[PDB]
Every structure is written in structure tokens, then in C-alpha cells.
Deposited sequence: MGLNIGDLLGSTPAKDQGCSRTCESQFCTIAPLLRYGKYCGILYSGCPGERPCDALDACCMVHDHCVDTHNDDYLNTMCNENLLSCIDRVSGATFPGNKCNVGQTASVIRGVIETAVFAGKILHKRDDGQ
């Protein structure tokens, strides 16, 4: 793994509310937790409702042997995303609705991929 070159719990993590590549799924960084291989430092409070959904998911994957295809983790995220509301963080350069839909797309695909691998195994 590329992460084996690096390099702790309170390191390699975010303490700041990002809003970068709002519509590009592989590069998206939103809040402290929303984004692939992008997560907040231990104890860091999420930046809004959407970021809070991603925080739960990130921890869910971590506590299930890094299984990013875990169906529970992914289905719970879908449910959370559909119910996102309230103020977002000051200085958020992303559209909440648009970014949530971009994430939802990836997670729908993750749910299917997980289900496929279990229906065979």
C-alpha cells in the first residue's frame, strides 16, 4: 500500500472545514470528513449535517476492518444523506445539495458492489 510509506492517530487528518473539488468525486474534500481517503482528527466536530454523515461512515469503515464495501456502513450513509438539513459552515464554497448528490452516487455503487460480493460468497 502507498500509505505504508507514511510516515499515528492524531496525524494525516484534517482539523479544517474544506470545500475543494465540490463536483469531482475522486478529489472531493468537504468539511473535515467528506471525501475519499480524507478524514478528521480524533475528537474533531463535523462542520455540518453532511460532514456528520461522512464522519459516521469513516469510523464505520475503520471499525469493520477497513471494508469500504460494508453494506451497513454504506446504506446508513445513504439514509443520512437523504435527511441532511440546516446551516452549513461559513466559507463553504460548495453547494450542499450538489455535493451530497455526488457523494450519494459513489455510495450507491459501493452498496451494489458489496451486495454482489456477498450474494456470491
task: Would you mind checking the deposited sequence against the model and listing the stretches with no C-alpha coordinates?
output: 1 to 3, 11 to 13, 128 to 130
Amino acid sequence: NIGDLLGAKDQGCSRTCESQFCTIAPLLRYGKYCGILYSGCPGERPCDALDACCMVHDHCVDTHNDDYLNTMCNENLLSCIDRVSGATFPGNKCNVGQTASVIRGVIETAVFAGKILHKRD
From here on, numbers count along this sequence of modelled residues.
- request: Decide which of the stretches 72 to 80 and 27 to 35 has the higher mean C-alpha B-factor, going by the entry.
  value: 72 to 80
- line: Higher avg CA temperature factor (81 to 89 vs 49 to 57, as deposited) belongs to 81 to 89
statement: Top Cα B-factor in this entry, restricted to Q11, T16, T99, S19, sits on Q11
